[PDB]
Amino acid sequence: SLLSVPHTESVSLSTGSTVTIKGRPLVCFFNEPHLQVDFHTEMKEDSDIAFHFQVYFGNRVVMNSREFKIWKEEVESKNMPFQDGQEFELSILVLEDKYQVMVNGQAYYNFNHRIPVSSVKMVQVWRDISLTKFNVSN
């Protein structure tokens, strides 16, 4: 069963929360499908983003925050555990000091908190993926 994409949900996070996302890129890596996960401070889609996670499948990952409507310092990663043509499971763990992004059960990306975790109220998952699971831990 495919979930709506763009996928937008109300959330509440604290230390120990996990946001789990299972999906599949819509096309082969050769054509560079993208994935974007944005942790927003309000349900409104122009609200600030505590954690922006953008995957250029087969290429690289970009992370950032948008604070008072301004994009801040971009961080890059060349870690690329994602597998061409395959379903992936993202688990974004909310640690005290950072978000930690696991791909298939191992941590590959980290982003220290710039906006307090308690300010996050919405998550949006979008770009070139299908989605079968979006779960926030209880």
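We number the residues from 1 along the sequence you see.
A summary of the deposited B-factors shows that, of 29-37 and 82-90, the stretch with the larger mean C-alpha value is 82-90. For the segment pair 19-27 and 120-128, the entry gives 19-27 the higher mean B-factor, averaged over Cα atoms. Ranked by Cα temperature factor within the chain, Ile49 sits in the lowest third according to the deposited record. Among the modelled residues of its chain, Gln100 has a C-alpha B-factor that falls in the lowest third according to the deposited record.
Per the deposited record, the Cα B-factor of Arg66 falls in the lowest third when ranked against the other modelled residues of its chain. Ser77: CA B factor lies in the highest third for its chain, per the PDB record. The entry lists a Cα temperature factor for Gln106 that places it in the middle third of the chain's modelled residues.
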